[PDB]
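As structure tokens, the structure follows; a few thoughts come after it.
4 protein chains.
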Amino acid sequence: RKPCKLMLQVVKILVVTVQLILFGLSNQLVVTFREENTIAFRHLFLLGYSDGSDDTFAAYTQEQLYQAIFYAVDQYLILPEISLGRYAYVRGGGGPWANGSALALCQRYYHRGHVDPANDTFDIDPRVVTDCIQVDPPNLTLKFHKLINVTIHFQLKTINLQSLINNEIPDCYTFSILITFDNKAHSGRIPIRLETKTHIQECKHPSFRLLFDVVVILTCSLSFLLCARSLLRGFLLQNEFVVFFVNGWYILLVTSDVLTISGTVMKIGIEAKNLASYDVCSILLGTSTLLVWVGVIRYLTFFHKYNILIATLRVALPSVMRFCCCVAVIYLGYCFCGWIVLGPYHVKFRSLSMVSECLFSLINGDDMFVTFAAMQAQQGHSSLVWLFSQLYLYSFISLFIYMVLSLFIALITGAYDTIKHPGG
Amino acid sequence: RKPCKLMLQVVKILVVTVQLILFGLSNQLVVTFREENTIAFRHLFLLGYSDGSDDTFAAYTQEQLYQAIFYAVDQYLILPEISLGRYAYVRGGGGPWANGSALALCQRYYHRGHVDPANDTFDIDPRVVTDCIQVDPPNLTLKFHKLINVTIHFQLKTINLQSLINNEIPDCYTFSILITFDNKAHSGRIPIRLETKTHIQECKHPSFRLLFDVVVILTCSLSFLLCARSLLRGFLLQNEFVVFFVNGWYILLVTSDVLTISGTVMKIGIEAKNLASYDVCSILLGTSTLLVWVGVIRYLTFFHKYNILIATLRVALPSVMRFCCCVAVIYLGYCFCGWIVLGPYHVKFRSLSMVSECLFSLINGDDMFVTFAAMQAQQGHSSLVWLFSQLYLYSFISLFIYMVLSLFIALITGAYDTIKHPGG
Amino acid sequence: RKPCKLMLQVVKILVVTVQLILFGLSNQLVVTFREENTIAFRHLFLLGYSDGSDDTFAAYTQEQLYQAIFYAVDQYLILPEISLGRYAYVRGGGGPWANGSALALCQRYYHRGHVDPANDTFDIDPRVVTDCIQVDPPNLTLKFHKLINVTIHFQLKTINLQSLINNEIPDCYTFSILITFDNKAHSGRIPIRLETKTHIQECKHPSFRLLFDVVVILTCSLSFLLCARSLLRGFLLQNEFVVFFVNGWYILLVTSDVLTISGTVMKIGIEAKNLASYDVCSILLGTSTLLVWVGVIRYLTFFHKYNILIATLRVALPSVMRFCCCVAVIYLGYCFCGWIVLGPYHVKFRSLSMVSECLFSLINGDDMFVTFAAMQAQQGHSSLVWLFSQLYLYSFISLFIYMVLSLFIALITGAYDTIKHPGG
Amino acid sequence: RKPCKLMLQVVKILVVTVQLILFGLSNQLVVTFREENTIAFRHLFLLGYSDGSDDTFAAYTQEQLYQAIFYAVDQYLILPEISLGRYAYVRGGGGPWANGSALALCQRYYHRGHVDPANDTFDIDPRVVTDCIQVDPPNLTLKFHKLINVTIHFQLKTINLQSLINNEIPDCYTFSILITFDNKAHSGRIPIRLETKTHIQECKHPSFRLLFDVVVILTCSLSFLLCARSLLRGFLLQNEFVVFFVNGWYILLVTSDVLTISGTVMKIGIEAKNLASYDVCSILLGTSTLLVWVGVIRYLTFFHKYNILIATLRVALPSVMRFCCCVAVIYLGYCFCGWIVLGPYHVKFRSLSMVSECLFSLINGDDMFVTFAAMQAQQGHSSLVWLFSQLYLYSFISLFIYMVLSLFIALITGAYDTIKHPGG
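Spelled out as structure tokens, the structure:
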């Protein structure tokens, strides 16, 4: 009934989530097509594209420069001539107007770009002059001092005829190519990178599963109306309590309400500004479905045989707040020691993210023999610091390792006392 | 006697399992020959076969296509001319009839294969036309739009004369070559793959260990008759119990009975439909031999000095069912958060298998510094989601890490209470 | 007030440390420029520089030798001709005087360098003759027996115009190139290595954040005067105690005093002998800021609700000293077994550092499946020792693994007793 | 006195072990020279030697064969012409007599080597005919059916003049080259391998640290006489006990006696049959020095403040024998499931060594996310078995993971009871 409604809401948020696992699969296979297209293009225009070489994909010869310039230039010259597929290159003007390349060959560089590092002086009217080449589907050079960045802005239509294997009509995908030579470092190292964007459109010559998803939304609507009715009844009870853990009698209906607001935003309403907000609304659904797990298990305990382990959770968190506080404060001191020591010989201590990453090395066995062995092997320097890196890292491994069993077990021997009260 | 029969059955299932470790070694060395042949062929026909390049083994040039076409084509032209071994290529017609290549050079592609992705339209009479070339042991081209897949169906006899070093007569192995160009993606990426199958036959000019294995089977027969007699005696006892842990007094005789049915199926009866069912029957033997371990240790406890630790197991599972239930329900919520969050930046969260794989990262130290460090390093996107991936992953690492010591120790401090009852 | 001064000192050492995280970021990005320059140069002069090939960067052909000699020689010939940047090569004489290369092409080798390893004899007047070639910005050979080491000592100015993107004037960086051919092994293997040093100077044509850092120093001065006043008050109390944990009432003011002495040494006083001592003074700050964490959490416990977990620490360390002693003594025996067993088949057991590194394999899951699986796979030798490496490593994994839970839990069940005294 | 003798024996076995760490360093640096020579040679003769390519170092072309044959052949032709060192190639006949190559170019192959794998028959008079070519320091071919293995047996003197940098006279090292083409598989895959052996001799034109080591031996002699006197006194006490843990009152003197017998065997007596027996005697020393750690800590407990933790060890092992028994018996069942399941899709389950290696994956976090993630990714086969590998591996991860905390903590909550008896 009403708990059958709660079990139906667990099952129906679970079924909206099954349709979400379905749609997340559907978008995932679409993204398989996307990533296949991505790697395909990365090889494809990639004059010299090696696996992992995109990390190194920076030029050193100036002739190393202009050659790859020619290389893609021929790529665009003869793409229809060479392709294992069919690319659609119509006018495609960008990114400033006027008019169409479709490949816009653009290049930024400072206007008074005056500089003499042998003279210890420079005259930056660094107003970046962008020089652009439009190139119609059927050679020049720039100052190695002078440039800022170089841009190849092309675009290529394609038909998703593999969708014929998904039983779909093939869609229209315009792959929009931004090729970027980036010499903003100007340090003699200039990475090259290629950006592409796919304008998925339907076929020009041109939904029962869609009816099912909209039903999952409207049933989410009914279930949220149920969750709001239950919040009003618990609100009637709390007004009796003010005028007179399980912890989720109301808030779960709310947080379910929040995940539901996020997913319904994903289907239609924010579903026309697509990508990231859908990713977010599905994120909010992730919290709702975790709770669908946790709270459904609450109800289907059916008291869980008195719920001794469910009773296990309570008084510890009363202490656990300050304890996790204390564990953080030592850890923040240790993160400070990492931010101090990380710069001289490390990449693992490279930022606050990396000081977080070494915290994964702390509790997890994966970071230990790697980091504390390799850094003891001394990339290193300044042999007092070779002593210091070992004396820091071996020191950092120990205190938490000994103390952490004692904390989960100080609360764990605390759990034998709330089980000393509670084993009876 | 009868426990000497149970110890003899532990030893005799252990000896059927020693003969299984023997035969699993024997098949394992045969598979070493198979895998050696596999890598040998993979290099061998492999025009361009690199280690791990089979992962990348997809073409981009159409000329990149037809060249490898020629490459193997010469491979087949002059295999006897080039080989470090001796391959036997007799008529070998397949895979449809008519008649013999031995290399059948086949190629699928849709009949009304009409398509214009610049026109947003297509006319699939996609009825795949398979065009096949037979090629007698002693050039043409296809539409890059038009094809579906391309097949090289060859076959090569060989003699297992290294079996002379195993003291055996060399057997006759016909390696049956299926070379596959797969452009079913049609995304400009077409992986190539080569399949080979070995028809192991005896020498044309043409078993005490075999007598030993059949004895192990018939003695398995006697031991199962013993296990069935013991089930009937325990059944006489249970009929006295109905009419009036150790847990395996009967079921182990049964599950031993099941592993025994599976292995005897492996030797003779299902041993003429070979491969996978033998793998399965040996799987069932694996469960039988684990139990041979566990229950032999039961009997050879001889009460284990009162069996305090054997008494340790019981009442916890009465709670442990619902507890492992609860651990799963949080974990299923966490798997749902993974299925939500995994698609945008990850391969580790790529499927339900990968959400299971990150669960290995949860309890095991190997997944932690890799995943939570590398994903915090942000393949990433959409910096609220760069906050979100860390805020999810660091959140997911903690709750189970703290709680799990408390669970095995909530039942562990429970074990000090069934040892508080039980230490006396 | 005074605890507001202690909280202000926690916040102000925390703010000197926030300015330290700021400066450590600032030096870190400068080091990003440095490392970018480093990898840039390593590719740059690197005739044959491959990623990780610096590990293998040793020659075998003598012609393999002199060619790379020519290769860099042309590198220096035509660096201005080839560069994607602007290098400043003025006279730059070194490393002995007279006068200027700027590339000094030097080569050591023993004077009576007489040797015949077919004759079992040699006449070392091994007085290394250093032959040097100065080479003006706009071929010869040496005995393969005769040389000791070979040196290319060059230097290159450059302007840090990317500092224009940091809003700074570009600084003047003189990159000082030491190219080293090292045949001191004389074992036919001669690694090549290139050293470079950057003399960062300001622009020739030529500080509110600096005012802020000096304020952080002077406020560190006031806070240390506070810490010294508090030590004098606690000293007045201890003189009352002699004449009549929390543990850090005085020593933390001291160790804060030490980190503060180290950082103020970093800003100005030792800040003219820069690199390593600043690294050290920041190290001492790392200890101060960890304590800022730990002791601020002490005060902001505000008794922590009676500080039961803070009371948790005490009596155990009274035992924990001897216990960590005992854990070390077994571990030192195990390190001795490693120093014995490591040499025959291992690199992980390669030194006392590596015997420390296998200790990371002990408690951390990362070293186990790698080392005990790969060494059981037997690089190996002398099959009794193939038994011995497994029998040692599997033995070493177990005793600590079983005992360590019992130690943290012997003290942990000790913590249920100081919580048996202390849960009341 | 006598405990000063025991502390002196701890220190003197520790000093014999310090001289052992010294000699193990000395042999380790000698082995650095050896391994440097090893990698040097591996590149050196290595026509095509790539890092890790020794794993793949097998030929496929027959011309791929004979070319490398020529390649080393020229290696030997012009080694003095090409070398960055000085190799001494005198007559050096082997491995059968007659007379000298120094490169013996040998090749085995069966005498009646008759075989037709197209005919399903063969006539093995497989009596391997070895054909040998001697080649004086200043072309032919064999049947691809016919050969067994091919051998290049050379030898090269060299002088260890880098020992001049160790202050030593350079020794005489004869590097004895065995080059092996191995086609014993005859599977078209023939790995090539090169063996070299170094005859270290002194210089032809030709020990205070040695006096120190012999003193360490004779003092080991005095300390063993002390250990034997202490065994006789404890034997007088045990004869009083028969006629009327600490556990090592006698046996440690013995096991110290055993390690001492092994090391004294290393210095002189077995020190003329060198390599492996010295490795062994040092192994026995490893056990002695571990005990030097453990028992010295016993005495220097000085009762360890009543030795509560030393008292901690005792009664558990009375149970721990059968418990480690039970842990093994489940684990042997699990190893049996691994030996069953490992062959179809795995290399980690490849032998009993690998079933041991997955046991490292069990307790250590390193094997988990790798194996259970990658095998769930399905190298795989036969989708019921794709279910089976996950259903086995995920099953195997759990039971020990839950139970093992309960075992070390069943004995650990047992330790709170021998600390319940023992905390008083």
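Line order of the protein sequences matches chains C, B, D and A.
All letters in the first sequence, in the order written, are residues 61 to 198, 220 to 287, 296 to 333, 350 to 529 by the entry's author numbering.
All letters in the second sequence, in the order written, are residues 61 to 198, 220 to 287, 296 to 333, 350 to 529 by the entry's author numbering.
All letters in the third sequence, in the order written, are residues 61 to 198, 220 to 287, 296 to 333, 350 to 529 by the entry's author numbering.
All letters in the fourth sequence, in the order written, are residues 61 to 198, 220 to 287, 296 to 333, 350 to 529 by the entry's author numbering.
Positions of the beta carbon are idealized from the N, C-alpha and C atoms, including for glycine.
Can at least three beta-carbon pairs, one atom from the segment 260-278 of chain A and one from the segment 100-114 of chain B, be found at a separation below 8 Å? yes
Would you identify the three-state DSSP class for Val351 (chain D), choosing helix, strand or coil? coil
So for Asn230 (chain B), helix, strand or coil by DSSP? strand
Cβ atoms of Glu276 (chain C) and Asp252 (chain C): under 8 Å apart, would you say? no
Does any residue of chain B have a CB that is nearer than 8 Å to the CB of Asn469 (chain D)? yes
Rounded C-alpha distance that separates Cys316 (chain C) from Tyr521 (chain B): 43 Å
Which residue spans inside the segment 445-505 of chain C form an unbroken alpha helix (DSSP H) run of at least 4? 457-468, 473-479
Assuming contact is defined by CB atoms lying nearer than 8 Å, are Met480 (chain B) and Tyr450 (chain B) in contact in what I supplied? yes
Would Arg455 (chain C) be called buried (16 or more neighbouring beta carbons within 10 Å of its own) or exposed? buried
Spell out whether any CB of chain A is found under 8 Å from the CB atom of residue 530 (chain B). Since the first and last residues shown for chain B are 61 and 529, residue 530 (chain B) lies out of range.
Supposed close pair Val399 (chain D), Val434 (chain C) - CB separation, criterion 8 Å: 6 Å
By the 10 Å Cβ neighbour count, where 16 or more other Cβ atoms means buried, how is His234 (chain A) classified, buried or exposed? buried
Please state whether DSSP places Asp263 (chain B) in a helix, a strand or coil. strand
Within 8 Å of any Cβ in chain D, is that where the Cβ of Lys285 (chain A) sits? yes
Taking only beta-carbon positions, decide if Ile184 (chain D) is within less than 8 Å of chain A. yes
Taking C-beta to C-beta, are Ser393 (chain D) and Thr360 (chain D) nearer than 8 Å? yes
Against chain D, with Cβ distances strictly below 8 Å, would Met473 (chain C) count as a contact? yes
Identify which residue in C:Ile193, C:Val175, C:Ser424 has its Cα closest to the Cα of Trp157 (chain C). C:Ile193
By the three-class DSSP mapping on this structure, what secondary structure does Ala158 (chain C) have? coil
When you compare only the Cα positions, how much space is there between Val452 (chain D) and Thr476 (chain D)? 10 Å
Are the CB atoms of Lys62 (chain D) and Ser312 (chain D) within a distance shorter than 8 Å? no
Rounded straight-line distance, which links the Cα of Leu223 (chain C) to that of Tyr170 (chain C): 12 Å
When you compare only the Cα positions, how much space is there between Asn159 (chain B) and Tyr136 (chain B)? 17 Å
Taking only beta-carbon positions, decide if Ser367 (chain C) is within less than 8 Å of chain B. no
Let me make sure I understand the geometry here. Which of B:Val76, B:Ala118, B:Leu496 has the alpha-carbon closest to that of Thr365 (chain B)? B:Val76
Does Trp444 (chain C) get closer than 8 Å to chain D when you measure Cβ to Cβ? yes
Are at least three pairs of beta-carbons, each pair with one atom in the segment 139-159 of chain C and one in the segment 223-232 of chain D, less than 8 Å apart? no
Taking 7 Å as the limit between beta carbons, can you name the residues of its chain near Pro527 (chain D), skipping five residues before and five after? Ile413, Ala416
What is the residue span of the beta strand (DSSP E) that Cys253 (chain B) lies within? 253-256
Which value, in whole angstroms, describes the spacing of the CA atoms of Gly485 (chain B) and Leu405 (chain D)? 37 Å
Burial state of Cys463 (chain C), where buried means 16 or more other Cβ atoms lie within 10 Å: buried
Compute the distance between the beta-carbons of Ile517 (chain A) and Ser424 (chain D), then report whether it is under 8 Å. no
For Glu376 (chain B), report the span of its beta strand (DSSP E) as first-last. That residue, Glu376 (chain B), is in no beta strand (DSSP E); it is neither H nor E in DSSP.
Contact list for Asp522 (chain B) against chain C, beta-carbon separation under 9 Å: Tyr521, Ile524, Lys525, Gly528
Between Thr277 (chain D) and chain C, is the shortest Cβ-Cβ distance under 8 Å, so that the two count as touching? no
Compute the beta-carbon to beta-carbon distance between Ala132 (chain A) and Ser458 (chain B), rounded to the nearest angstrom, for a pair I have assumed lies under 8 Å. That pair is no contact at about 49 Å.
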